[PDB]
Amino acid sequence: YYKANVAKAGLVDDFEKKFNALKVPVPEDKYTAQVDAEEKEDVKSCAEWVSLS
Amino acid sequence: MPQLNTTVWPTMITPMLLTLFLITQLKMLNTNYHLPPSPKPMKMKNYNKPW
């Protein structure tokens, strides 16, 4: 659709290429591990609590 | 008046002193009144929910 309508030289071409040459930064959490560890500690605490109870 | 016969006074005093101060007081001490049964339907030391 742009190859046959955009008469600009290489604009569609290099745009599409740099787009294919673009990789969006898929961000990493770095937030789940800590809540996992907190969950683990809470599990330990509730385990000892329920044993004593 | 026989009550005035001071010869036989100790034979009246002694057994009274025995039965009023020792025997009867004991037969009382054996009679005990336990406190009434009070089943407490509210006594629960439950710590705060653990949290």
# chains A, B, ... in the order shown; residues from 1 in each chain; ligands from 1

call {"tool": "closest_atom_pairs", "arguments": {"of": "chain A", "to": "chain B", "cutoff": "10 Å", "atoms": "only C-alpha atoms", "output": "Markdown table"}}
result
| residue | atom | partner | partner_atom | distance |
| --- | --- | --- | --- | --- |
| A:42 | CA | B:51 | CA | 8.6 |
| A:45 | CA | B:50 | CA | 8.3 |
| A:46 | CA | B:50 | CA | 7.2 |
| A:49 | CA | B:50 | CA | 7.1 |
| A:50 | CA | B:50 | CA | 9.3 |
| A:53 | CA | B:46 | CA | 9.3 |

call {"tool": "atom_distance", "arguments": {"atom1": "CA of residue 27 (chain A)", "atom2": "CA of residue 12 (chain A)"}}
result
28.7 Å

call {"tool": "atom_distance", "arguments": {"atom1": "CA of residue 26 (chain B)", "atom2": "CA of residue 13 (chain B)"}}
result
19.3 Å
